[PDB]
Structure formats: structure tokens, C-alpha cells
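>>> below is the sequence, then the experimental coordinates.
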Amino acid sequence: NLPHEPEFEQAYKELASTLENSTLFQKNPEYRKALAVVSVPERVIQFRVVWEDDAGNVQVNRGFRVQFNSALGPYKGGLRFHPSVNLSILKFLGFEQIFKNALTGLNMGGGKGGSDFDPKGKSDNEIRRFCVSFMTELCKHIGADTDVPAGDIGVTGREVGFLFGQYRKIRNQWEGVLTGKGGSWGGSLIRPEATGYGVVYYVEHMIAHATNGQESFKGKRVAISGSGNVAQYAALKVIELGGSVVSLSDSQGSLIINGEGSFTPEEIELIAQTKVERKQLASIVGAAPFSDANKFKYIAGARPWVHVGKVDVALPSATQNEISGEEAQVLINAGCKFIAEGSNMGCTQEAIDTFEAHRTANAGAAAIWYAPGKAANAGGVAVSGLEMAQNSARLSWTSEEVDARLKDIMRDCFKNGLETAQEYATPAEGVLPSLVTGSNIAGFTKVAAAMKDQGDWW
Amino acid sequence: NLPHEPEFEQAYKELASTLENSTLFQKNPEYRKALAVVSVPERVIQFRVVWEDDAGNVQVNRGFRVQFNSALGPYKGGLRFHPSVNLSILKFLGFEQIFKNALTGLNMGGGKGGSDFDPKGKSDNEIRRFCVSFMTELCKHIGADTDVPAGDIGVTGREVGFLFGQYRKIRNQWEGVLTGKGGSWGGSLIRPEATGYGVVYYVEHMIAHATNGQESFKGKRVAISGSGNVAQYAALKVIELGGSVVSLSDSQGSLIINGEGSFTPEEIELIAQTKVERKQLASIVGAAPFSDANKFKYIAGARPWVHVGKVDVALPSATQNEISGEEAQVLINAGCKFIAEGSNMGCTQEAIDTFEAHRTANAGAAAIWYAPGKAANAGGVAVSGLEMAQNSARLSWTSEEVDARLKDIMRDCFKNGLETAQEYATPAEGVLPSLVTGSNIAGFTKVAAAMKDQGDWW
Amino acid sequence: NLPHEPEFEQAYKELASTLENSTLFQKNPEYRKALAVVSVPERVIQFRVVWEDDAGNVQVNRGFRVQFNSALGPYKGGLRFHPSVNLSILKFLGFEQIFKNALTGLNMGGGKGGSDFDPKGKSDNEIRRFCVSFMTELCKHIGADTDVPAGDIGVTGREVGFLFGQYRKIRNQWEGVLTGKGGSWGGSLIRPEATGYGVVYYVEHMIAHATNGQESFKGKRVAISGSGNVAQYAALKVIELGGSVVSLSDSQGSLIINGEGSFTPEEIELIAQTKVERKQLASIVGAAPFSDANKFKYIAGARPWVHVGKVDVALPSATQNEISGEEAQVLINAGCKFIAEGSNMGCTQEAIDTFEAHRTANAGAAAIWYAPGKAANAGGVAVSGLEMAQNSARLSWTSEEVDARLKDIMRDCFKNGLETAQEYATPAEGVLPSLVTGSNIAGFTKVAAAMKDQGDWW
Amino acid sequence: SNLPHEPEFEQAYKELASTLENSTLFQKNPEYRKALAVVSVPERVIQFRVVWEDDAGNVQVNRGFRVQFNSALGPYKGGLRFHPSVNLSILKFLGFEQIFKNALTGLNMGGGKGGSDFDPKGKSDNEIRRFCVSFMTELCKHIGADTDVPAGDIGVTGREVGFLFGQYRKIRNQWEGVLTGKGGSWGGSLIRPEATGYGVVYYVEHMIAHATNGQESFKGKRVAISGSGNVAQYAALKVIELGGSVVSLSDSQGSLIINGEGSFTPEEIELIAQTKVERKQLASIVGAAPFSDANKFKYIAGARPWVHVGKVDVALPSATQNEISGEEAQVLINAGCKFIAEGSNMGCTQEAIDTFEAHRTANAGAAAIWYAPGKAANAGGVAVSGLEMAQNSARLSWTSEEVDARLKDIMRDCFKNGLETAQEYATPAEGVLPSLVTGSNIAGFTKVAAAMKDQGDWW
């Protein structure tokens, strides 16, 4: 009899239902066996981790690595360091990573792990001492051809460092065992720009499809939210591609372009610099260049969607639930034909249905086409693939070579949605398929077809 | 004393007798010692396989992996499941595969394995359990840096899958350990088009050498027998290069182009469909577009060769023994300058002799040039290389890349045979070198020299 | 107490010095702790080697692998068979290899190894037996991901193959375990040309920076000394890039041009022909094409430098101490702006000094710029990385691809110097940074930061 | 070849070649001269940087060594020393010597030594632990219960062997006899703390029986022991159990001697032991009973005991290395001493051994002082190491008597082997005691090089 894993049970249940709400089990009833086999993890290793504080007292924590599926590649997925962390939670995140990884087209499996060690308040020494203990046991079960972890909440560049360093010390091997590594020791160019650029390349593959190769980002006006990695870099891509960034935002208010024009790459770098020193957009409007009142209007308390006027593309990249149902409709009245999430769960369920019913009711390129986070924002995941690719050759690509390849990888991710929705939720003649509905299913179907080829089920 | 291995002994003779009838041993008489050493296998694992049939009974079969030579690369060669299988047979096919893999210039060794297990009348369930057991032992002695098997008789997608999955299960590693793998779990694009395209690419390099790069496939008429995947895809690549595909065939008869012109790509495809439907060419000529008497002429019970008129290239891609002595001479009467086996052993010994006695009699592009199977149709073998390349970085290539690279590899195959005939079987001045001789020796020399470099012999 | 290690102790002291003559320890006084930690090798293997002579007597020699630092990659570096060999000498060379290797940008650590085994006067059968015995133990501590050794004094192609083959037999793996491999069994194209081209490309990147990208080698008069492959392949590349090779020279004398005009490839192939036959430059001047006193002019005794009139670029590539203080001054008065080493210790300390004190005294493109051997002749190292890169996919590149990539590695190498010099030895405005100082620090800082990232020090 | 200066080693090598030359060996077996050049180079030496962290959290660096010298007879056996004077030279020397010593036990046990130059002096248990953790993280690659089984030495005791053991088990994930000197509940052996001390007395008591044609034993015998750690403690106790008297112990600060004719008692030895636990000195314990009593005891500051005990029969140096020189050798000759063997490693300098072996040549019979070398006589602690492995493999914990019975046997056969080896090859004049030094060195060398020849090491 199972224990209570409510975080996982729901993630399980969300998948089942979307597979049932589709033609997948009419055309292949035998894929209920796939769901049954796939949702038991292949392997879970739990381990005590004993580490020492700056005072010398003993401290105990629980370390986990859920290694869910490896049919399409080595186990791949993040490490989480947070006092909430437990099996139930890492399964929920392992499970989903199978299918979000699978959706990219790369040869990557699915897993997640970490510990309930709480890095808040700890010194860098304490972190280093814990990482060293964590990796002393974890080194046994990973490797560049077996399991390739990465970062997540409370594990970034610094901890990836400590973990890589101790893997090496024990294993006597330099290899792509971890991703999100430093640039001099097997890290990848276009990592910081990965999620920003990846969203833009994805939407570009949507445009060409809907417009039969006739239109692109060029000429288009693009309203964007947020000002961190994700917005900055999606903004820079629109610009290089001859488009128009017409809005940025932070949590206190929106900076939008007055009339026709865009942000320039010079201006975006200013906004970055102030986001490094953690100053809010209202603080830079009093000086040049943002003081120009003919170009910029700063609106306080406001998300940008209602203030941008006529827009063609919409890119939330700030937080979750930053587009409501009333903002979805205003976006539709404003002529916006495309929308993707740079941020995870960026659009509310209300707004999602609003985009999907509108798509449903408008044949072709009169529709507003929506892309969920799990596909459009997988540029971070894609570039991890390319880290390992380069790590395998022990060689650094150029920033042009990674960038170009990143785009191709968002095409495969685009294709996987497009083709799976055309097959399992066939729209009417004229109508665009559902990239959301396609993208919740494609991960499962690639992985289950794989599992059957390999005798994991029958 | 030695055992009886007629299959191996026969193939060992043929190579000795190729090698003796040349200058190889007058320049390097010590290379006789390489011959003695190379033809004793580096390693051979034989093993019992106990497996359960659908009725609950114990079944016993013999498992084999002959790992012959690894000087140029790790062991490369297929698995065969047929009741005929035994050490001698595998030692035959594995010995050959050393030299025919070597001939490509890719870094590949030589081996062969499989079993006396008979897939005839076996449920897919019985196949899976045999594959799971056969792998349970085979996994100890193989691995991507060590020994990389593939398909052969009785082993294709189904078994390559079951074998891969069980390897993954025990070894806990995702890697290029088998080839002919699925598209989603590490197969290469251009896998089906690989033998057809490779033959066409081999011929292209014949044309450039033979005319100094004044000619190509552009403007030439190509006779092609066969109408399965090799014939199909060779005809397509010909058409892509500006060539005319003037014939297709099957066991019952021939479909030829009337006068001048070519098959189009949508005509190959229609044929390919009706081939999947298991119906013959004679049955589609009642309808359009093959009912056009201006364009097509069905000929029952004929091979295409005498009925195509004047022709530039010929591509045997149906069966063994489809060009007789009479048909070689008719192709020579019809001005055909290039003949190359897409099918295996496509030309009968008299056709080969005819073509060789015509080359010796005609300096330059006057001569008909024959290119043998082991050289012309190693494109399935070459894309096995490109499958492995990709697997390593865990990154799919494009069609455009895999395809580009195949031509490169077929250039190397061509160069190896060409140059080896200039050196060790030197034709008179202005007369083309022998690609049959070249290609039966190039293998041996590359390995023998490499073996020496490595202290395998001295 | 630590043993007397004079050659290592001096090499440590030189670094500690060049690190002190900089802002590095001001800006980061913690990095002194790196110099401490880094300068004790991660690991050393010493081992008895017992091997048999042609008479059948047991002979004993010592074998060493210093695995110094593995932060930027797996250990990389040469093996040396010379009777001087001890730990101290290999410690010295390994130490410097870590920093030389980091300079390229590539993911290579640093090591050295070998034995006191004397090849001088040993038969090719004894070398082979020692290699087998030697590699029987060493196999245990190297591999394609741990340590990739190579050649040095006493270890060429022949020895390399003997080492490769015994690693194959034991480990039963074909991998990129060594570099300098035969072209059939994992070699790379552009190996011979590596140092010569490498040099030229580094000077092309210099030009580019020092003329804000408007000049290249196009139009430039280029002084070369030497006439072995290094000068020859530097001279072919200059000419490939639209530049003029106006001198070559042997130890006996110098062949130069009269006024405008330059060496042609074909004339270089005659100097290459007659340098294989061990004959001198003075001998070939009797005949055409060199006998043409209008184009060419042989000067016995002399080096090129005073006789080549006005010149732009100066590539010493013959033997040590070949540019004195005074020839530096003449190179300066001839208008030379660029000078690299292809031959190690090509410039004398006085000439290095003249070049730097000239650079310091002449803002911008008025300066002569001196590039040091460690950065300029990193071409053989670069291609070592590219050889491995190729062995990780079992797929060899074209000459043109290895050539393109050798260029970019030389760019990274330039960058690393230039940027480190801009940082830790800031030049005055308009003055070029010191690449000698650049390349001395850049190695250490790159390896030091990575060690901190990976918690090897704190 | 360039070769580094390893003075301690080179000397131990040359002296072995000497004692083997000075005998009928290489005439009867001239091919063994080839084993000489082979044996004396090590099979494998692993060096490694050890990086660790002090209580303030500052980085510290140290040098790690394991010398794997010979393995023909067995897996590499021999201790770990943590002392600031440690280098490859010293470890090669201690390594080399460990080979023949382990061969003399008659258990299938090779030779080697390792350690670090980490000084435990002044350092907290948390620092040592953290040191052993980083030390073992690298060493775990090159050792194993069928490969290399290290042990204690100066700087490494039961404390450090626990720390090291536990980090092996973490990384490698096997519990095994990959070390010795272990605690009684996690693979340890009974009699390990007793073993060296017991071993030397056991050995010496066969010297008595032989030299006295069965007439005498330790019964009656006054025996001058040096040192006051575990070796001298249980050596002393073994002499008191066998009817002898112990008339001295000592530390680095001084010697504590008997007055008149009595002995140390187990009661006293136990107190001296608990004093040595806190690591207090012999000068700190003579100012209250039972060591005040100046009719039984006299405490001497700065002195080794030898001149102060007067007339002695046996001498048992168990303090530290090079504690006996020619001066003291002659002092023991003049004291009527007839038997001497070291408890401590390498207690007698070459001068002592030249003296003792000159003395033996000169005087026939029971007038000779007879010296037993280290490799033969203080192999009791290392014999019991082999039995610790035996017991880990057997997966059982043998009784005190069973181990003792086996230790006993081991030192018997070693004495026999040494005695019978010299008798065959360095044959004495009539009456004259045969050389235990030349005999023990041959018997081991032969066993090693003979096993090496068979295994294709030399030919």
C-alpha cells in the first residue's frame, strides 16, 4: 500500500485526464499500460547526508535522486536544496521533467533530486561542506552517460561548482556530469540568453506556420513583461530580428513605448544594469534616456497589456499569473495573434481558455495562438543539451553556433506540439491545432512509443 | 588441431589469393605475417541462452559474438538470428566485415554475433524474452567504446529495441551501443535512404575522376533495376542531381521510360506505396499515371537492360545475379560508362570479367567502370558511423548534414579502393584502376599497417 | 622535509615572480592560496618497469605520470623517454603544461610523464617490449576522460602506437586515450601544419586588434627564418592569406627576395623536397628557379633580418636565440610591427626586452608587438584538442574543418593573453597590452578561478 | 639516470646487499643477484596533494604518500605514519624493511608504507578527522582487502584508523579488512595491543633455550626494558608472567629504575599505563606512592636506563628509534647482557649491531651477547595484523588464546628460520651462536626473490 504523495498524485492525475480528453486511447488502447509502467520510477536512491557547520556540530539531512525514465536519454533534471524537499515533491518534478525534456527532441530522460538542507543563513563554507558530503554518496549513481543533474531552487552556479569538484575528486574524471557549469570548465555560451532567445525562436516557428512562410518577427510590435534574464534577452532577439520591443515591466509598474518605435539594445542594457543593483524601473525614468517623454511613458502599478495599444505578439516573462482573462481579451481586441510564456504558468487558466476558444472560433491567421511555458520556454533545457554535446567533444562552440542550434531545437519542440495536436485533438479544416493540448500529450507519446520499442512494457 | 570452418576457410583463401595476385608482397613481404595474425580472432564469446516460450517451457539456444579485430576502431558488425548460425559462419561474415568496414575510412573494427534462435513462427512475446536473455550475457562484453552491434538476418528494429532496452536495464547507461536504433531513441536521419544514396554518391566520384570533374549525373540517363528501398532512394538522388531515372523493375517484370525523360519523385512514391501493399508493377499500369503509353512501357518477365536503349549509368539494385554476360556487353554496346551494385553480388562473375576486360582494353572515359558491392553500397555501414557520432553528443543532425557527410564517406571509400589499385595492381598509363581489386585489398592494407603501428605484429 | 627539486623549484619561483609583478595579488590577495594549493600535484604515479632486451636479460627502468591539475579538463601532456628523467624534471614540465594548456581555451588539464628508459641505440623490438611493460601499469591511471598523454623527447608516432595498442588489449577499448596518433587509427589532419599555421593565425589576430580590423596579412611583407616544416607551413599560410614570404634560411645561410615579389608555393615545395634530401640552400641556388638573381639572392653566413630591407612581420621558426638585441633594433627600423615565435626561445631576452620597451614607448600601431612562443606555437596543442574532439565521435574531419578550428583556438589564446594583460598589467591609453605578461598570468588565473568554483581551495 | 637522494633507504639497501654477500648465498645461487636490482625498485608509489580545513575554516595543504613496494608474497602490508619529517625517501626506507619483516611471519603478506607529513601536534580531533576524510578519499582508489591493507604507526593510532576506515566504507561501499589495528567491535583482533611486546619476549625466550642448551629461560632473569608505551608495557608483563624481573622503564624525559633486586609489578605497570593515557610523564608520578618509595625506585632525569640498572641479563629497547649506540652496546656487554632484541622499530644503530656481531664472533657459547634484528624479532605486532585479516576474511572473532597460540607459533618458526638459515649459509665456528642478523636477512630475501622469480618479476 502506497504512502501519501499528494504533489505527485495531482501531476499524475493532470496527465491521465489530458490523454483521456483526446483520441489517444481510442487509436491505441494499449497505452494505458504505458501510463501504468512509466509512472512508477525506475529508481530512487535516498541517502543520509552528514555535514559539519562552522561551529563543528554534526548536522543531518536527507538527500534524494529520483531517476524516473531513461528511454530517450540519460536521466536529466535539476537538484533542489530547500527544507520542503521530499520524495513526493521530487517525483512530481521528476515525472514532469521526463515529458518536458522529451518534448524538446533531444536524447534526454527524466528525473529530479536534491535535499532538505536549507541554504538560507548558511555560510559559503557550510554550503561547500554539505555539497562535498552530498556528492560523496551521489557520485555513485550519476555520470555523463547515466544521469546528468543540474541546478534548481537553492542550487545555481556555486553549488554546481562544489558538486562538480567533488565528483572529480572521487571519480577522477572530467566530463559533462553536471550542467549549468562555469564557462571555463565546461559551461556553455548562450546559457544566460537561453530562455529569452528560445521563446522568441519558438514564436517565430508559429508565425511562419500560421502565415505560410510570408511573415516573421520583422515589422511586428512585441509587448513584454519583466526585466530579468528572460525579458531582456527575448527583447534583444525581437530587435535583432527587426521587430519592435514596445514594453518592459517589473513588479511595480510598466515602461512602454509611446507610439511607434522600440527599445534599442543600448536601452535594454541600461535596464539590466539597474536590475543588477536591484533598483526598480520607476528609479531610472527621471534621467536620460528614459526621461524622454516622447518615447517612454511609465505607468505605475500596471501590467503592460492594456497600455500598449495595437500589438501582434505577447510574451509574459515576469512571474506566474501575470495575464488575466480580462487582459487576454484586451490583447485579442488589440490584434495580437501570438502569445507564449517566458515565465512558468504565466497565463491564468481563465486566460488560457480565452485564447483556446478564440483559436477554436477563428480559422487560420485570424486566431490568437497560444504556447504554454513547457514548450516555448525550454531554451534553458535545450542549451543544457548543447553543454553536454560540447562536453562530449571536449570543445567550445561559438556563440553563433550554439544560438543557431538552439533555434533548430525549438523547431523540434514546435513540431512535436503541432503534429501531436493535429493527430490527437484534430481541429477543423482551416483551424490551428492546440499547442497546449499537443504539448501535454507529445511528451507522453514519444516516451511510451520508446518504452514499447525497448520492452519496458508490452 | 583446427576444426572445419568451410565458410571461413573459403573467405580466408579468396583474400590470400587476391593479395598474392598483386605487388603487395614484393614490396612488403613482411605483410604476410599480418595475414597470419589478422585472421585469428582477437576474441570470441560463445554462451548459452535459456529462454521461455509462450507455453512455459525451457528453450535452449547458442549465443555468439566474434570480435575479430579492433585496430581501426571498436568492434563493428551485425547480429544474425537464423538456425544456420555457428562460429564458422559468424567468423566468415565477421572477417569480411573487418575489411569492408575498414574500406570506408571511418574508425570501425570488425565483428559478428547472433544465435541459432529461429524467429520464424515466434510470437513477438517469445522474441522479446529471447532478446532479454541474449542481452543479459552479451552486455558484459560490449559497449559503445568497445563493441557496437546492429541488424542482419532475423534482427531488425524489433530486436535492436529489445536488446537496447535490456542493455540499458543492466548497464544503467544510455549510449550508442547498438545501431539501427529508432528515430526517437538515437537513430540517424537518412537511415532508410543510406544504401541508395551512398551508391549514387560513389558513382558521382567515379564520374569526376573518370572525366576530371567535367561530368556528373547532370544530363545522364540511369538504368535502375529493383523497386524496394535501395532502388527507390538511388533513383530519387539521381533525379535530385539532374539525372534521368529511365527504368525500374521487380521480380515479375520491368517499367521503362519511353524514348527520353525520367521517373519523377511522386512516381517513385506511388511505386513505393504499391510495394508496401505487396502488389507488383504490372498491376498499376492499368491506371494513371503509368497508363501513359507516351511515357511508360511495361515489359513482362524482362530485366530492364536490353530495353532501355542507350544509357550512361547502370544501378543493379534488385537481386543477386540480375546481369548476365550477354547483358554486360549490351550495356557496353549502349555506351554505359558506370555500373555499380546497389544490390548485393548484383553482377555475375562473367559480367564483372566482361567489365574488367573492357577497362583494360580502353584508356580513360572510353572504358566501362565497374564498382563492387563492398564499395558501392557501404552507405548503410557509413550512416552507422554517423548514428554513433550523433549518439555521443546526444544530439540529432539534420537530413542535410547526415546526407552531406554520407557523400564525404563514400568519397573515402572510393579513394581507398582507387589509390590501392594505383599502388598494388597498377594499370597501364591512361587506363583506369580496378575498383574490384582496389577494394578487396584496401581493407587488408589499412588494418595490417595499423596493426603493425600498434604492435599487434612485428 | 621536501626533496631537492631544482628544475621545478625554479619554474615555481618564475611564476610566483610574474604573479607578484602585477595587480593580481592587490585585487585578489586570496589567490596566493591558489598558488599554494595548485602547486602540489593532484596525484603522481611512479612505477617499476621491468622489460627484456634482445639478449634475454631482465632490465629495469622507472616510469612516471604526474597528474598535476585537472580543473579545466582531464590531464593533458607529453611522455618523455630520456635518461635525465626524474620526478623533478617532470614536475617542472607538468606544472608549465597546466598553464600552457589553459591558454588555448580548450578543456585540458596538465600533466607530464615518462621514464628514465634510454632509446638511443635500442632496437625497435626492445622499445616495443618496454612500451608494453610500461603501459601495462600506466593503463590503470589514464583514459579518454581521465588522462590523455602524448609525445615528447623519446616518444614519437612509433612509441605512441606501441602505447595505444597495449592500452587496447588490456582495456579492450578504442578511445582517444593518446594524441599524436597515426592517421588511420585516430589521427587528425593539419597535424604537420599545426605549429606553422598556428603561428600565422595568431599574428593575424594580432594585426586585427592593432588596426581595429582593417589590416590582415593581405599586402604585408613577412620575414621568415628557418626552412623546416614550421617555417614552410607558416610560409604557405602567409601566401594563402595574400601576404609575401620574402625570406627563408638554413643554419648555413639565407635565401631572400630582391625588392617586390615573394616566394611561391611551388618554390617552397622545392625547398621542402631538397630539405628531405638533407641538402642545403647554398646547393640549390645553382639551378633554376632560384638561380634567377633578379628574384632571389643567397647570403652565406647570415640570418635574414638585416638583408630583407623594409618589412612588416617577422616569424622566427628555425632554432633558438636567432634574433639578438641588435636584430630587434633593425627589425624596428625596417618598420616591423609584428613578431611571433614558431621556434621556442626564438627571441633572446634582450630582443624580448627591446620589443616590450619599444611597445611601451609607442602608442597603438606605431609599436612593434611581440607574441611569445607559449601562445604563438600553441598550434600542436590546439590540434591535440581537435584530435580528441574527433575521437569522441569516431568521425574524422576534413583538412578545411580542422584548419578553420585551429584558427579559432588561436583567437581564444590571443584573447586570454590580451584581456589578462588589460586587466592585471593595465597599459596606458593607446598602448598595446603585453602578450608575454598576458600569457604568463592568464594560465594561472583561469586555473585558479576554476579551482575555487570547484572548491579545490577556499 | 637521475636519482634523488634518499639516504635512509640507500643505506638499508647497501647494508642488506652486504649481509647477503658476506655469506655462501650468491656462490650457491648466483642468479639471486638479479632479484637485487628488481626488488629494490618499488612496484608502485602513489603521491597526492591532501587539502583539508582547520577549525577556523582556513584551507590547509599536505602531502600524501603510499609506497607499494613488493607484492609477490601477498597484498601490500604496512603502516601509515603522520609526521612532519615524512617524505618518499623515508617511506621507501620503512617500506623496503617492511617487506622482509612481513615475509618472516610466514603469512602471505607483501610490503609497503604510506603516510602524510601532516603533523597531528597541537590539532583537534575535528582537524584529524577532517584530515583522514580528505586523505582517505584519494587513498581509497589504490587499496583494498586483496590489494593493500595499511595500519597504524607514529601519528596514526586507533583513532586515526577508525576515521580512515569509515571514509573508505562510505566511498567504496564495502566493509572489509582493508585496514588493521581496528577496534574490537568493527573487525578488530584480540591481542593486537599486546602483540609486539609479547612477540619480542617470545622470540628472545627461544634465544635463551638455544644458547643455554635448554638450561635457562626468563625465570630468574633481570631484563632492562626501555620505553613506557604499549610495547614495553606488555613486553614487561610477559617477562613478569614468565618468572623474570623488569628493572627499568623510561620516557623521553627520563628512566625509572629498580633498586637492588626486585621487579616492576603488573599493578605498577597498569598505573604507568593510565599515566601515559593522559600523556603525563615519569617525572610527574614519582612524588606520591607507590613510586615515592625510594628503597624500591630511583628516578633519573635525561638518562636512558642501561648504565643505571647495573647487571642485566636481557635488554629490551622499546622507546624509540636509534636509542642504542656503540657506547650503550658496550655498556650492555659489560653489564653481563647476553640477549638483546628491539621492541621499538629500529632501536639499535648500526654501531650497536657491529658491536654485538663482533662480540658474537669473538666469544664461543653463552659468553656471547646475541642480537636479534627488527625484521625477525619485533614482527609480533605485524604477525597479528595478518591474523586480523585472517579473521575479517573468516568473518569471526577468535579468542585471546587462539590468536596467542598462533602468534606464539609465528615467532617460533621465525626464530627457527633465522637460526637454520644462517647455519646453512653463514655457518659459524664451533660453539659460536649463528648470526640472527645475516640469517633473518637471507631467509626473507630468499622467500621474497624466490616467490618473485616464479611470478616472472625477474629471470
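That came through fine. Residues are numbered from 1 along each chain as shown, chains lettered A, B, ... in the order given.

>>> I'd like to know how far the nearest residue to residue A:237 once chain neighbours are set aside sits from chain D.
Once flanking residues are discounted, residue A:237 sits nearest to residue A:200: 3.9 Å by C-beta to C-beta, 6 or more residues apart in numbering or on different chains. For the C-beta atoms, the positions are set from N, CA and C on the backbone; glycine is no exception. The spacing between residue A:200 and chain D, counted by C-beta to the nearest C-beta, to the nearest Å, is 45 Å.

>>> touching, residue A:200 and residue A:240? I think so.
No: look at residue A:200 against residue A:240 with C-beta atoms under 8 Å: they stay out of range, at 9.2 Å.

>>> more neighbours: which of these two?
The neighbour comparison of residue A:200 against residue A:240 (other C-beta atoms under 10 Å in any protein chain shown) goes to residue A:200, with 29 against 12.

>>> do a quick rundown of the strands in the stretch 351-458 of chain A.
For the stretch 351-458 of chain A, applying DSSP state E, counting those that start in this stretch gives strands covering A:369-371.

>>> number of nearby residues for the closest residue to chain B within it?
The nearest approach of the stretch 351-458 of chain A to chain B comes at residue A:454, 2.8 Å away (C-beta to the nearest C-beta). When counting by other C-beta under 10 Å, one arrives at 24 neighbours for residue A:454.

>>> now for it: which residues touch it?
Applying C-beta atoms under 8 Å, 6 or more residues apart in numbering or on different chains to residue A:454 gives the contacts A:71, B:161-162, B:164-166, B:168, B:185.

>>> dump these to CSV, plus secondary structure and neighbour count.
Listed next are these as CSV, based on DSSP: H, G, I helix; E, B strand; the rest coil; neighbours: other C-beta atoms under 10 Å in any protein chain shown:
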residue, secondary structure, neighbour count
A:71, coil, 28
B:161, helix, 24
B:162, helix, 24
B:164, helix, 26
B:165, helix, 23
B:166, helix, 22
B:168, helix, 25
B:185, coil, 24
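
>>> with distance to chain C added, can I get those in JSON lines?
Below are those laid out as JSON lines (distance: C-beta to the nearest C-beta, whole Å):
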{"residue": "A:71", "distance to chain C": "23"}
{"residue": "B:161", "distance to chain C": "23"}
{"residue": "B:162", "distance to chain C": "25"}
{"residue": "B:164", "distance to chain C": "19"}
{"residue": "B:165", "distance to chain C": "23"}
{"residue": "B:166", "distance to chain C": "21"}
{"residue": "B:168", "distance to chain C": "20"}
{"residue": "B:185", "distance to chain C": "19"}
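
>>> doesn't residue A:237 make contact with residue A:263?
No: checked against C-beta under 8 Å, the pair residue A:263 and residue A:237 is beyond contact range at 12.0 Å.

>>> for chain D, what are the nearby residues on the stretch 101-250 of chain A?
Within the stretch 101-250 of chain A, the positions adjacent to chain D are A:125, A:136-137, A:140, A:169-170, A:172 by C-beta under 8 Å from any C-beta of the partner chain.

>>> out of these, who's nearest residue B:309?
residue A:172 (68.9 Å; C-beta to C-beta).

>>> can you pull the contacts of that closest one?
Going by C-beta under 8 Å, 6+ apart, residue A:172 touches C:70, C:146, D:141.

>>> quick check: which element contains the nearest residue to residue A:193 once chain neighbours are set aside?
Nearest non-adjacent residue to residue A:193, counting by C-beta to C-beta, 6+ apart: residue A:233, 4.5 Å away. Assigned by DSSP states H and E, residue A:233 belongs to helix A:229-240.
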